[PDB]
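Some notes on the structure that comes next.
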Amino acid sequence: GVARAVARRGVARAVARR
């Protein structure tokens, strides 16, 4: 229901909820 798409050096997307 809530997934983030951030792929930066230091800030990666560890947010992945349905």
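Labels used: A, B, ... for chains in the order of the structure tokens, numbers from 1 for residues in each chain, and numbers from 1 for ligands as shown.
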
- Task: Pick out each residue of chain A that DSSP on the backbone tags as strand (DSSP E or B); I need them as a PyMOL selection string.
- Result: chain A and resi 2-3+7+12+16-17

Do you know which residues are at most 7 Å from residue 1 (chain A) counting only C-alpha atoms, after dropping those on the same chain fewer than 2 positions away, and could you put them as a PDB file with C-alpha atoms, in the first residue's frame?
ATOM      1  CA  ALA A   3       6.363   1.554  -1.274  1.00  0.00           C
ATOM      2  CA  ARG A  17       4.525  -2.074   2.532  1.00  0.00           C
ATOM      3  CA  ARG A  18       1.564  -3.339   0.616  1.00  0.00           C
TER       4      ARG A  18
END

- region 4-6 of chain A environment, 7 Å, only C-alpha atoms, sequence neighbours closer than 5 positions dropped, as a ChimeraX atom specification: /A:11-13,15-16
